[PDB]
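In: Opening with a subset of the complex:
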Amino acid sequence: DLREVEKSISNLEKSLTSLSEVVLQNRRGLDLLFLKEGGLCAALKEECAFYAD
Amino acid sequence: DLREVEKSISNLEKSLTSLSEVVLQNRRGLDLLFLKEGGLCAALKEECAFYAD
């Protein structure tokens, strides 16, 4: 029962790891589409958001 | 031990918050790339997906 809660958290951690690989690959695609404009953040006029695990 | 499970859930919540900042900044980049076409959802011919915390 406490083991079942721990297994759900491990599954959920593997899911977030998978999803973050999709997100960061999307970010690299946007960095390439915005190469001539100074990059994604410079074009939005925003501070860049980075992912911390 | 129950405290260790609670700490893992708090770490995991801080991670998802960080990742969602990257995702929403990517969405704003796509909204700008698709400005002339009526926006990302109008160009996909989809209902827009929004993030609910």
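Out: Arrived safely, thanks for sending. Numbering: from 1, shown residues only, chains lettered A, B, ... in the order given.

In: Pull the contacting residues for the residue of chain A found nearest chain B.
Out: Nearest to chain B, among the residues of chain A, is residue A:49, at 4.2 Å (Cβ to the nearest Cβ). All C-beta spots, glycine's among them, are computed from the backbone N, C-alpha and C. Under the criterion of Cβ atoms under 8 Å, 6 or more residues apart in numbering or on different chains, the neighbours of residue A:49 are B:18, B:21-22, B:24-25.

In: Out of those, which comes closest to residue A:42?
Out: The shortest approach to residue A:42 among the contacts of residue A:49 belongs to residue B:25, at 12.4 Å (Cβ to Cβ).

In: Write out the residues of chain A neighbouring chain B.
Out: A:2, A:5-6, A:9, A:12-13, A:16, A:19-20, A:23-24, A:26-27, A:30, A:33-34, A:40-41, A:43-44, A:46, A:48-53 (Cβ under 8 Å from any Cβ of the partner chain).

In: mind adding chain C? sequence follows:
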Amino acid sequence: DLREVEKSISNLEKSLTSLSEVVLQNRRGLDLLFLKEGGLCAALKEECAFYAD
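Out: One more chain to add, chain C, which I have set with the ones above:
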């Protein structure tokens, strides 16, 4: 108390589901922006990342 930890994990699972809908719609937008170049992965020269729930 164990029920409160389980409720937090269910809320967190609903959040990740919501966020993944935003991420995959962003991926479909990038697939369309990169249609002429062979697709997002072919343009990055990367193996494609996919999301596994």
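
In: back to the contacts of residue A:49, now that we've got chain C?
Out: Contacts of residue A:49 by Cβ under 8 Å, 6+ apart are B:18, B:21-22, B:24-25.

In: Recalculate using a threshold of 7 Å.
Out: B:21-22, B:25 (Cβ atoms under 7 Å, 6 or more residues apart in numbering or on different chains).

In: The residues you listed into CSV, with extra columns for neighbour count and secondary structure?
Out: Below are the contacts of residue A:49 laid out as CSV (neighbours: other Cβ atoms under 10 Å in any protein chain shown; DSSP: H, G, I helix; E, B strand; the rest coil):
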residue, neighbour count, secondary structure
B:21, 14, helix
B:22, 20, helix
B:25, 19, helix
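
In: Give me the subset of those that also touch chain A.
Out: B:21-22, B:25 (Cβ under 7 Å from any Cβ of the partner chain).

In: What residues sit buried inside the helix or strand hosting residue A:23?
Out: Residue A:23 is part of helix A:2-33 when elements are defined by DSSP states H and E. By 16 or more other Cβ atoms under 10 Å in any protein chain shown, the buried positions in helix A:2-33 come out as A:5, A:8-9, A:12, A:15-16, A:18-20, A:22-30, A:32-33.

In: Kind regards, and thank you for your time.
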